[PDB]
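Since the structure comes first, as structure tokens, the remarks are kept for the end.
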Amino acid sequence: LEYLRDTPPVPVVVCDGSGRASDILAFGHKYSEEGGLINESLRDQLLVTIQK
Amino acid sequence: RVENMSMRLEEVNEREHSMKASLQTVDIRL
């Protein structure tokens, strides 16, 4: 977030399949629709994967 | 038939992804 809210805006890339926070960007990648529009089942599965 | 292996086990893999989401939700539901 410090990279993104920055002048110039830093491009960033996330790798998948490893584990932990990168994968909860991956679930914030393929099921996202129009940017940050995230539904309730996916936010709750995300919450329990942070809790696990 | 290795071509056929690759595509059919691809179907098995994505189907199991749906099954994982369903069973984790069911475990949350119990």
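Every chain in the structure tokens takes a letter, A first, then B, and so on in the order presented; its residues are numbered from 1, and the ligands are numbered from 1 following the presented order.
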Each chain B residue no farther than 10 Å from chain A, nearest pair in Å, only C-alpha atoms, as a tab-separated table:
residue	atom	partner	partner_atom	distance
B:21	CA	A:45	CA	8.4
B:24	CA	A:45	CA	8.4
B:25	CA	A:45	CA	7.8
B:28	CA	A:48	CA	9.1
Need to verify the contact set: residue A:24, 9 Å, only C-alpha atoms, exclusion of same-chain residues closer than 6 positions in sequence. Can you return it as a VMD selection string? chain A and resid 46 49 to 50
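Closest to residue A:31 among A:6, A:52, A:43, A:11 is A:43, based on only C-alpha atoms.
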Have a look at atom CA of residue B:26 and atom CA of residue A:37 and let me know their distance in Å, one decimal. 24.5 Å
Using DSSP on the backbone, list every residue of chain A that comes out as helix (DSSP H, G or I), and give them as a PyMOL selection string. chain A and resi 20-26+40-51
Any idea what the distance is between atom CA of residue B:4 and atom CA of residue B:20? 24.2 Å
Please list as number ranges by chain every residue within 9 Å of residue A:25, counting only C-alpha atoms and excluding residues in the same chain fewer than 3 positions away. A: 14, 16, 21-22, 28-29
Expected file contents, prior selection, C-alpha atoms, as a PDB file, in the first residue's frame:
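Result file out-v3.pdb:
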ATOM      1  CA  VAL A  14       1.990 -11.221  -6.650  1.00  0.00           C
ATOM      2  CA  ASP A  16       0.569 -17.697  -6.308  1.00  0.00           C
ATOM      3  CA  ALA A  21      -0.806 -13.445   2.484  1.00  0.00           C
ATOM      4  CA  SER A  22       0.122 -13.878  -1.187  1.00  0.00           C
ATOM      5  CA  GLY A  28      -8.470 -11.064  -4.085  1.00  0.00           C
ATOM      6  CA  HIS A  29      -7.440 -11.526  -7.720  1.00  0.00           C
TER       7      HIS A  29
END
